[PDB]
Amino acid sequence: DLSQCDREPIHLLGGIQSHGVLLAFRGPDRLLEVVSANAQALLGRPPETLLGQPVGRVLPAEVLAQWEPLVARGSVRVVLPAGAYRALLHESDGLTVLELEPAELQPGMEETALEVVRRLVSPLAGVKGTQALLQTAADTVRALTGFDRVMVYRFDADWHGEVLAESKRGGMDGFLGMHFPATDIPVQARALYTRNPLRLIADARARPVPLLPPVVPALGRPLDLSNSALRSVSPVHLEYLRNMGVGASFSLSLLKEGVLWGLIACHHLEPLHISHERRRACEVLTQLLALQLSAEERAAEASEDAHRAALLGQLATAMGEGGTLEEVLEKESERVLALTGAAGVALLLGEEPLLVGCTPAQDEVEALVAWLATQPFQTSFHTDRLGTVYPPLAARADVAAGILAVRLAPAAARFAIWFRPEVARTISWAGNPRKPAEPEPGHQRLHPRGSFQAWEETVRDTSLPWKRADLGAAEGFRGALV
């Protein structure tokens, strides 16, 4: 995309993380085709000497007696003299990958997850607010991971992050409310975090351990590690954590009706290894919250719309009552402007501008129309920064930063227009928004930014966002007048 950022395929780096071991088999005699460089830490034999040998003459017997449970369910606890190891099974690039990983050792771990579901799942939950919602998910994952600091990290329509809630050990500082550049996580990450919702960086200060061969022969590329648990993340992002003063990361994607609604982030000053099962315990915690977020959002809009229908029905009974239309409007203005939460309205229903409330001048709205009487909007047209779509009213951010316009007739210049003032807004970016990184001599080898302090940009000349419940309300106002 924009950079080489959005180019570096992160799943094809040929590097596992030093806390596990990777074995890759193929065919119907399950010969060994790729193996991680630290095999002998668990095996007792040089990796180089086991390539091209059957499963049965490589995997230790301890693992072999579990081979049937393994191929069945994908995951089984097996004991080697090394302790207890969670072995994972999954398919990749024409092979049956096996990854070995230190098992979980807290027995009542899973009971513990039952309780933090309970806090997160309850009814009368959020009665304090859909932010406590995010506050509790934050605390809950913390109480289950034992991490220093857990944040809930959402994407805006620019794909730029902000931390909506935080939960954090003392001595840890705070990035709550701070915003985060779009390229802090490029696209190839964003879509890979769309299928794979789990990810552990167990030691940002350790050395990614390579496979051997570094390439699948028939493929002349490394094995695809898109499904790997032991995948070593991108070195810049390792260099990024290191800037952050952090030595381990874990995050969980918040899928909500699909799109990444954001993440659940986890930082720990030292390294920490989190079992596969706790890792899964934590997944359901996200899934739940996304489900919690989903039921309250719908609810929130529901009431909003009803509260709007309150007005159209009283506006309506106001009408039909008596007088012409220039009559009820006079008395009705204090709901006419409420239908969309607006500050003034224009009305070109026939006679000269009937201007109500706080509004641009007659000639200015007699101009604004002519131009709006040329653009391709069908029934409704809303925009929250009019100054860049029509600079005639650029300077008038006082009353006409945001406009919402409805077409009260076919090819007719007859409309209504709701104006809305700007609302100043302070975004607290985490590092300089101008430079997300620092590009070396030769635009060649980027390097993440190591200053993560607050910046202070003031948003101006932009109204409040025209909500879902506004568009409905004005469309409703459309079918209401002559």
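For every residue, the number given is its place in the sequence shown, counted from 1. If you superpose the two forms and keep the largest set of C-alpha atoms that fall within 1.5 Å, you have the rigid core.
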### Task
Would you say which of 186-194 and 118-126 moves more relative to the shown form in 8 other deposited structures of this protein, going by RMS C-alpha distance with the core superposed?
118-126
### Summary
Core-fitted, the stretch whose Cα atoms sit farther from this form in 8 other deposited structures of this protein, 291-299 versus 168-176, is 168-176
### Message
Mean CA temperature factor from the deposited coordinates, higher in 184-192 or in 319-327?
### Response
319-327
### Message
Which is higher on mean Cα B factor in this entry, 343-351 or 287-295?
### Response
343-351
### Message
Just the C-alpha B-factor column, please: which of 54, 28, 46, 421 has the biggest number?
### Response
46
## Note on the structure
Max C-alpha B-factor within the set 304, 173, 111, 104 falls on 173
### Query
Once the chain's modelled residues are ordered by C-alpha B factor and cut into thirds, is residue 426 in the lowest, middle or highest one?
highest
### Record-listed C-alpha B factor of residue 333: chain third
middle
### Task
Using the B-factor values recorded in the entry, state whether the Cα atom of residue 207 falls in the lowest, middle or highest third among the modelled residues of its chain.
highest
### Task
Name the third of the chain's ranked CA B-factors that contains residue 242, choosing lowest, middle or highest.
middle
## Note on the structure
In terms of its chain's C-alpha B-factors, the third that includes residue 179 is the middle
